[PDB]
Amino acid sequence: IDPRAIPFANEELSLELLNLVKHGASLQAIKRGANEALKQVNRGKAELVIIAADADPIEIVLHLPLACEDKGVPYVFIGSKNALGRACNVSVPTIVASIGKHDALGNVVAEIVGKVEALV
């Protein structure tokens, strides 16, 4: 695992994050792709950015950490782009998911963000 892929969530937190993604997906509240995530972050529409550590080339997702920190947006790496794809409800691997604001997600995102930041 690339050392730049931090903070890196463990297996239980990863599953929490994936279930949050799935929930967001049902509400049309996530964007996929490193490009789309960067655009949401810069426009202040991102509450959380999730990044697959096995993205290839990994450089495609390595602009997000600094862009997120500049804006106080929480971000975290998980292990599997295949898992992330399934959670986004698509058939293809996904290397980045950004979660937008939604009343139905407010509190779980904040709880999870508390755990992500404990990793920093």
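One rule holds for the numbers: they count along the sequence shown, beginning at 1.
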| item | value |
| --- | --- |
| Residue stretch of maximal mean CA temperature factor, 70-78 vs 91-99 | 91-99 |
| Between 105-113 and 18-26 (mean CA B-factor, as deposited), the higher | 105-113 |
| Residue selected from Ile58, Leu48, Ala83, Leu64 by maximal Cα B factor | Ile58 |
| Lowest, middle or highest third - CA B-factor, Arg32 | lowest |
